[PDB]
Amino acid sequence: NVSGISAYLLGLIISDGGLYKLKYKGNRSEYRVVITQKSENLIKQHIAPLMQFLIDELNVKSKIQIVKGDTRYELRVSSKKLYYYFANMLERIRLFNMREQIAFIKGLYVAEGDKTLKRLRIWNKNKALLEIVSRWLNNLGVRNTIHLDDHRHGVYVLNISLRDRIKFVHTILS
């Protein structure tokens, strides 16, 4: 159970939130696992109980916080343990098994994919990350390309070929 939900959550974190090691007025600190999202409902209904499931399984004692901001809501767990659990998992991403790869790619697409489904695309500034995913998708028989989509901000796009539309949607999304 745990590996799949972890990879999915990491997907969301990487793309719509982040992992933060903080240093405050002497000499305090904080370790944060964050996912931000426009919809408070999606955070409470879908994301938070998955995070809560993981927290319980890992015996993390921190609580899930939901903080209102100007433009989005923030799901935040303040936990050194959870922070390293995800940061280490991120470093070892190349060792993911198929269940984890599929969950992670799914997270990526929910967070930052072409949601219109007329085109199948994933955006990110991290080319290296997209190239891992690109390799995974090839082994799943999903052809794709990576190109610099935005010369302003250095944002690359991973475009999934519509020739493999069906296989992508059914393997990754459904």
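Throughout, we count residues from 1 along the sequence that is shown.
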property: Stretch exceeding the other in mean C-alpha B-factor - 56-64, 139-147; result: 139-147
property: Between 113-121 and 36-44 (mean CA B-factor, as deposited), the higher; result: 113-121
property: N88 by Cα B-factor - lowest, middle or highest third of the modelled chain; result: lowest
property: CA B-factor ranking of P49, expressed as a third of its chain; result: lowest
property: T71, C-alpha B-factor rank within chain (lowest, middle or highest third); result: highest
property: Third of chain Cα B-factors occupied by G18; result: lowest
